[PDB]
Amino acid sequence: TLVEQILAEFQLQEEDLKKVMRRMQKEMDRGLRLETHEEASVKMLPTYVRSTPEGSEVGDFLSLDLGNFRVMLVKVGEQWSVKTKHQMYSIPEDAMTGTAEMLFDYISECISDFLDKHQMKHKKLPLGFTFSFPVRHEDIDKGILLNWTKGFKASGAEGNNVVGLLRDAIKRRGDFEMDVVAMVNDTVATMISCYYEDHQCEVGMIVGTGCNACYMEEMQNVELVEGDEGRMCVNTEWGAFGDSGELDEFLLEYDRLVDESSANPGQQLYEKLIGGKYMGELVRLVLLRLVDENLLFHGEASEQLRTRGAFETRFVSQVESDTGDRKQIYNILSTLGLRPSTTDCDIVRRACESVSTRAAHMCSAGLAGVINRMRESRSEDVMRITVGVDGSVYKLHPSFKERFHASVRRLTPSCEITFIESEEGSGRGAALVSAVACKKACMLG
């Protein structure tokens, strides 16, 4: 009963989800205004991706996705045929700890490997780059890294042109040639990839290691950009929502602990409630509190349970996947150096559920804010929209998307939302934006 009382702190009322949604809407309006942009927690970064007429260039497009690293070859043929090939690459700590130069040298090396395994190192291809970090764009192929997120810390990157860093590393290597045609956020790439299959897709969302959304905003509303005709995609960077104290009445001890011990204290607070980088850690801290209060594992925690990041977000998914026999739960805890009881297993499950349900409900508040804002901007009484979604939390968590879809739909009564689970959106969309941008780019000279 004391266990249940502690887990009940994660609960959120429909009245406070509505408070969060309206606060997100207020923060979104702030990010778009020239007057409040520099102070605004939700940056609402213009992407330079504009509503496009039918079709794109036909051909072979290379895609890079950083934010594991992925190289993708996308074949666009002609009605339309889109075929993909991919390779995954694990980033070594050295490439993460050092310079931006070392990071882009390892990315270049991965590109060479992909080119050799696909018998194409002699081909000079157009390249789309998904770079899943806040970027101030000057165009579709030029953007400066505002700051790292999700524990990324390579020196000499912030304030520099990310496209320039990649081009330099390709030149230093001298093993292949590529035309870097576009750089997009993963939300943007996901939206573009799902748009290919559904033209009503005007929102891209990520629920992975981090959490973010982008959407098609009226050009009239984008004050940081010249023009009043059509629409442009805006990268909300909503992970930073709560950084100017917007979420203070909702933050728990476990949230402030995760934040204090993170690579970016005081930053990405909304994200820190939802993202897979943080989810497992919130659970480990809830479990440690139960152990300290002698309510779980007879007050005896292991050296492994006491280590930061030892409770992987994958364990949270696995725990909530458990059939009922508690065998999955027992095995995770046994490997973690613990000897749990059956009751201990049930406690671990309930803690996992408390953290993930809060993540889904917090996430739905943000997405509803975006959809409700668009409905107003488009003066649509009944707005029919598609949301393209990528990320391991949304895709692989046992009940996250069910809990998330219902909560979004309760906050959006006047909307008909379709959710597309994007299989390879983050990577595929970088190539498709390149294919669309290449109608103009390949003719610049």
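Sequential numbering from 1, following the sequence displayed. What we label the rigid core is the largest C-alpha set whose atoms superpose within 1.5 Å from one form to the other.
- Farther on average from this form in 8 other deposited structures of this protein lies stretch 106-114, the comparison being between 315-323 and 106-114 by RMS Cα distance after core superposition.
- Greater average departure of CA atoms from the shown form, over structures and residues in 8 other deposited structures of this protein after a core fit, characterises 69-77 among 69-77 and 237-245.
- Count the deposited residues lacking coordinates between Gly67 and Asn68 and you get 1 to 3 of them.
- The modelled chain breaks between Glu78 and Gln79, where 4 to 9 residues of the deposited sequence lack coordinates.
- Look at the mean CA B-factor for 125-133 and for 367-375 in the entry; the higher one is 367-375.
- Stretches 89-97 and 180-188 differ in mean C-alpha B factor, with the higher average recorded for 89-97.
- Annotation for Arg306, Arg167, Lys150, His199: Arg306 ranks highest, by Cα B-factor.
- Among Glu260, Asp139, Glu109, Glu271, the highest C-alpha B-factor in the deposited entry belongs to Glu260.
- Per the deposited record, the Cα B-factor of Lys18 falls in the highest third when ranked against the other modelled residues of its chain.
- Per the PDB record, residue ranking by Cα B-factor puts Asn160 in the middle third of the chain.
- Among all modelled residues in its chain, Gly174 ranks in the middle third by Cα B-factor.
- Compared with the other modelled residues of the chain, the Cα B-factor recorded for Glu416 ranks in the middle third.
- Among the modelled residues of its chain, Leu34 has a C-alpha B-factor that falls in the highest third according to the deposited record.
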